[PDB]
2 protein chains.
Amino acid sequence: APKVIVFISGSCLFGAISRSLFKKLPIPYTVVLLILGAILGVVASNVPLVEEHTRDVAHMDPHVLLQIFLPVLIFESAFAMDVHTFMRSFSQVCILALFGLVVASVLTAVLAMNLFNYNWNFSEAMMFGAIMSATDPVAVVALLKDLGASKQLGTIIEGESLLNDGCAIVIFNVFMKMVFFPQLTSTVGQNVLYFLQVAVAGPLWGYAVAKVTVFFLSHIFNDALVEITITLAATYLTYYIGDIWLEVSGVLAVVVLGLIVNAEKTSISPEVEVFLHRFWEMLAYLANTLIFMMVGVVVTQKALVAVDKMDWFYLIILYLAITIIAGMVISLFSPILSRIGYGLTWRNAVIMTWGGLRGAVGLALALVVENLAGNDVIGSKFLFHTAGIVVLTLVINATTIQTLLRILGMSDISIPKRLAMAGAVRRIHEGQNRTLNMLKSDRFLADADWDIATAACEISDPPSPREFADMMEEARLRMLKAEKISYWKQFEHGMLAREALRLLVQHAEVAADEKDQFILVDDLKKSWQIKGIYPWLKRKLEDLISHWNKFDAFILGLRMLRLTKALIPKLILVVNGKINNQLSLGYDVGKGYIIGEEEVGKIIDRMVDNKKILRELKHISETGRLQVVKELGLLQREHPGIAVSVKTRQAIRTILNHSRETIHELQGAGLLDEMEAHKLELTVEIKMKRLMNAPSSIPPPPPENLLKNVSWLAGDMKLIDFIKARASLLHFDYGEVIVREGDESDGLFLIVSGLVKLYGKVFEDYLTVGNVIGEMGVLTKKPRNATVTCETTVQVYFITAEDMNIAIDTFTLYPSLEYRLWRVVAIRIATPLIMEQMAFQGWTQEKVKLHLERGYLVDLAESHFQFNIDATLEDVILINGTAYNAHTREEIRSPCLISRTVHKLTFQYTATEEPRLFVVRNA
Amino acid sequence: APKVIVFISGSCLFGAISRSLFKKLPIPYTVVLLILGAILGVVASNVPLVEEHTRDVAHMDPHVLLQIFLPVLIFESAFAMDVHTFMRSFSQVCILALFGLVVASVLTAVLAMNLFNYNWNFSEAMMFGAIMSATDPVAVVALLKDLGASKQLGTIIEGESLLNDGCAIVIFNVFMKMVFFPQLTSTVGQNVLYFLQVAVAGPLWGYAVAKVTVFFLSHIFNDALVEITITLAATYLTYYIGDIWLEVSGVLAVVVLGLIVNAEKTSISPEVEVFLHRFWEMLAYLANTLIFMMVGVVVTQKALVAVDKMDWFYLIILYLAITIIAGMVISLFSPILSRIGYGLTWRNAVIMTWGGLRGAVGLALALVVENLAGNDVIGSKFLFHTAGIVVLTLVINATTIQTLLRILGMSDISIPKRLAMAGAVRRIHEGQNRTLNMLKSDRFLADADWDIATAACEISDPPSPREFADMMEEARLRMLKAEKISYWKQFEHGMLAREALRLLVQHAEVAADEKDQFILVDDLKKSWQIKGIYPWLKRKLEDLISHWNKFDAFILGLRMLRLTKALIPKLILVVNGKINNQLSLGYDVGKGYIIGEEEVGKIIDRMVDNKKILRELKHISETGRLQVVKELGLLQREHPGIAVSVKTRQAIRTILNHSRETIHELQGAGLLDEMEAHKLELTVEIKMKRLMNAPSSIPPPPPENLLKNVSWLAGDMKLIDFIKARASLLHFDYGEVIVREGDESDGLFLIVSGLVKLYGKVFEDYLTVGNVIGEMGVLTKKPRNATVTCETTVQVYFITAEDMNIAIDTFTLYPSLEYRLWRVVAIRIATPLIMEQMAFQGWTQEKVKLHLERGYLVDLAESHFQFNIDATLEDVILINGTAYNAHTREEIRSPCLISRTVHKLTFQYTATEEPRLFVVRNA
């Protein structure tokens, strides 16, 4: 009876011990395992009891390694990697990785045939090439996440290594079938059919099963066990069908499946995602430790009894030559990918070519070859050379990559990061000091040994023009830091998607590394300019495509061609989603950029000593913002329905995020137990996942609905009825100027279609559908100050000023028309004042807008032209009028944000400014 | 070749479909599976292809069910429940479940022998009894948590059912060995040895392996894969060693192991805990669906071809009889557990006896019996009756338990809960309305179809003396709700342990649903009165136990008795930990209760209109708080070292929780990226887990250290040196009075040892080590006002008032001695004023103390006896003096919290009150 429990349990214990011991040491733990296996070799040669307990797991069948270990390893490697970052450059890195692996494998095969003294043929040479070209992503990604080198470098290395592993496995399987089973003979047609199968019908099958199971899981809500078991059963079924047909080359199918399940994040809850990630990580860890222990035992038992010194000499030459080949291949290839539009610097190139670490896949293939060889020396030579390369790489490169990284400055100590950690540590120290000072005066905790508590406070973490150039450089660095801070603050507020945030911080770090450059709008255009591609032409053909009835009558197994009609709309819907999946992210960059830009403007205007530097910075940032908003408006005009759908999606996402924030604030205040908060969050999540299944296209609403749903017209049917009675429709062509600066208040505008340009005073802006022009002119009777030019053909709704005055006089309820108009113009004119004065850390646009929404416009008629100040109200803003303080005789004119030390003030009535002001009282 | 993939994958898919369909319907989904299995029976009898694909999984070996399915099911049921709640009721539930199960099994066996027409001996009858006495916890607890019946009832049912399953498995194994393998013959000695093995050496082995692996895992930090694989390997090794020796009765061992790994929460990360819970849940779900499908297929194929109508009649009689037996057993037992000190009401009794749901364990045992029987009719009768009872129970009881629950009012709609959900929903609606009003005025999102956004707002959730009795009843309910709110607020602030919070809410609900009583101090005493038990006597013997050296010299395999000396201290340390594990929770109740009281005394007095009700409520709450603090002080006096250790632990826990709060606040503000926050939280968690490994006992510091570490003496060596020079030591016995009311300000007193009572004018308190008495008298020169009586023997440090006046005159630095004293007395006198005035939702003692710590005592010399008010400062508190406002001539006397509308005011200098006041300026 075979005996396996002792070996498996001892290997698990040895993996645990060696993994915990070598956490601080620079070499990986796995080599220790190999070393331990070597010891278990020698003892097993002498004591027959250890041989009896080891030989049943050490000398396994090759089919266990080819069917159980390798698919698990490759699927975990393809599952852990973030697919979305791989997708932005998937085709380019695909061609790079495949051609590089083939070139390297052929070069190593020719070297093995020529340099070695053994008599090896060509089909036993590409086996050696494909064995020693299967790198490992996990070790290098762990190393790069340890010192924090770079996200892009890590994910590029991970993707290239995964592709290398896949095609190396395919090549090895083909040539193993050629060598060890010579009776299997095929012609050129059979070979091209097999290649077509492997490279087409495998990944297609995996994609099909992945999409079918995602469609299944989309019907299941609030059920984790079902999602877990369905995903695991689907993974096994994909592997089983792809492995009875394509043999080992079927692993590609499950690889593709992993990527699909790694991409979709709506139909699968995050708990299921983390459980599946941990499950496959544990399985791959088991397989890896087992493979290393077996390779150590076998290489000590039988592979080191037929080795000469010439073998060691060949091994060291081989180690030099594989790195030389990798470096030459990368250096030769890099001009081509630079030409094609892929960024590959030379420092990234040298790090990547020195970062090839051989892993357990090469050892598994070598073990399979050794098991199939039998008593021939080819198996021993294969295993010895593969283990030698693995140990040499794990000893040398895994330690010298830190030296190369520190020398080249891939991850240099960023003064931004230094200031951030210093500020966080200082705040932590102040908070701990305050907490300790509070606790030492408590009534109960008055006798504890405070030396230990004080020891718990230990927190530690590791005018020349050239001077003006240095000043503008550091101002640029501070601007980029403020931009990154704004991006992070927006993301934590539930305003930006993860992909949008990643793109923004990528552009930020590149502009930090650029030669005194900033975020370029031309570079930013790639976020939303992928709208005009083959999906658009396909949608046009599909909604352009009578003859159908004639064809169906002619048909009456071609009857299933009727299903073509049933497939006509669905594809259209599908392609709509693709356009949606390109438009939303675009907005999630564009609008987001806008918001961030405004904040950083104020920041530089409060920190640059030289006025010229801040002036030029403000100019370039403002023209970038203007270009972004113009392009956004043009995109809105180009494609109406998808824009409406994405705006509805954004509004619902913001509403649900703020409701969740209310839930958390209530739960932390003790008014809600865990059960009620859990249930209400469950309802919110159900509504969010329903929103994720909303239609990707929505018909554009008619202009009557836009007139009805004005932010101040809503509330009563009389208001909208009278406005509809007295509204005019106006059409304007290209290049027309509607009103000019200095013209009187003819009335109130409403952009219901098109894009318009509003310029005057040096300030300009672009307005789109839903915007309203000229409320101040119709309210305060002052002439207009901004000329509007029609950027394109524009339809507007014009309401005359006399009709608005009549409507104001007609309705005098508590939510008065004039009151609502003045409140709206008050918040719109008071937001920048609070932005300029209260520019502290932690106040975003959404929070300040909600805070102003809590406030109200306060009448001064009851106060008899003299406002009573208070310490209860957070802020008071002078919107209209002129305030006079008898104390010190202080005269302030609107608009202004008066200081908190300002006491009671009086007003004087005039025919040009009736006193109106805004207050935000506390709760 | 056996064919298994189709059956397993189809069963998984059918489980998914039936689980999704029956999420709303009342009956459980599993019966559907059984029904589907029935269909798969009939087809398999006709089509030979379905028979070929089914017969290799439907008719399995009994050893698969006895070795793979049952250990997984029992381990999962043992691993799911909370072990601490089971251990709290261990003494009664264990004996109740075991003896009641034996009584029920014997009764069912006798009924099977007598009522049925089959000729069965006693051993097969007891096998039948043990098969049909194995209930199921998961369905019952899922039903009880669905309608929210009760947590305690659910966990009691869960524990009792787990013990039922274990004992039923043991009895079944013994009688199966008696019946189906008659050659295995044993005497009385072999039987008692086997019973001793099963009931002693199994659980002991599981306990030993669990403790060893917990000790192993305690050396591993920030490593999830190692913890997961070590725990899984340990579980398998425990099962394997306990199954080659005890056969199926070895499952008890792994059961115990589960409980241990379910108890420890320090050495195992929460991520590992949730992964292990999900892993075992998925495995048990697989085993359950497989068992139900196989039992359906087998019961339709062969078990329903040898059934008469008398079998159905016997089945319905048996279904009546099992419920009758369970009810009679529970009703007969309940007086005994009520006498022994266990709460078992009749409503809980009837719900528990109607809530016994048969599960998959009975079906697995029936399948094993059917497989072992062969062609005899006993297997068919067993399987038919077991499946009939399972389906009858799952159809009837799983639906009528809701009817009984609603009729008896186990979970009635609590008006407290109704008010809480109504307030939360109202706040949610107001917040969503505010967010929508903000969004509809945005510059970009102005064209989205707002009908969908408005539809997203749809969120909803389902003077007579007798009148004075009703009023005091509702006031009591309001007081208990305020107490529960305070408990939840304290727990979310990182101040209470989960067990302490559970204990407090248990007392809160018991005092709510029982009479007009409140939370009783006598009932609360059980939290910290388990200190005086056999651990204390054992510690005394172990530290009273030369002679050992003489015995070792006499010995020089008794040499290993020298290890007894090495075993001497460790056990002592162990027992110290046990005492710590009893003291900490006591404080986590006691202090917590005090804080809860310090909330309600600031709430109900503002709510109750009648002075009598609030007066009596305040009286009873005050005397309860006084009893609690007196008992706490006596406990501190009883055991010094453990009290010092737990107080140090509490201080460090609070410091680390507040540092984590600061980290989260910084991360949400955008100043910290995800990586920096992750690393700093990792360091905080490392320090927290180091604190969890701190010594359980600490030597008491000398009084010199207590004098040195005064909250205001620290800062300079000269101050502490002079104080140590001029400090006197005083000793007082029982019943002595140190000072009396009206006596002159002799000086400051420091309590360094003992408990003292301070009473005076109607208010009284108890003071302990570290408290300071008489700062106001030594500062303002006012004579004393509260007498102090020595509750026990007390050592104090006495400092004369003249010496402190000399010290005040000697040191005049920026942190002056008088300044520090006045600040300390100012915050101590100003906390209750803010508690009374600002009694809003969300202000706790810690937050208000930190807010006052941010503030400072403001000098009035620079203001020339006229303070300037501002709107920047949050609050201003009058400490000493009399404020005069020339406007409206307002005179305010110390102490008072002036209103926020109070403007600038002047002061008049007097020899009795130098003007001093506290302010808390904003950031």
# chains A, B, ... in the order shown; residues from 1 in each chain; ligands from 1
$ residues_around --residues "range 31-35 of chain A" --least-positions-apart "6" --cutoff "7 Å" --atoms "only C-alpha atoms" --output "list in words"
residues 15, 18, 292, 293, 296 and 391 of chain A
$ residues_around --residues "residue 677 in chain B" --least-positions-apart "4" --cutoff "9 Å" --atoms "only C-alpha atoms" --output "list in words"
residues 663, 664, 666, 667, 672, 673, 681 and 682 of chain B
$ closest_residue --among "B:203, B:355, B:148, B:760" --to "chain A" --atoms "only C-alpha atoms"
B:148
$ residues_around --residues "residue 60 in chain B" --least-positions-apart "4" --cutoff "10 Å" --atoms "only C-alpha atoms" --output "NGL selection string"
:B and (55-56 or 64-65 or 294 or 367-368 or 371)
$ select_by_dssp --residues "range 513-739 of chain A" --states "helix (DSSP H, G or I)" --output "ChimeraX atom specification"
/A:513,521-527,534-544,547-555,558-566,568-605,611-638,640-668,674-691,703-708,717-725
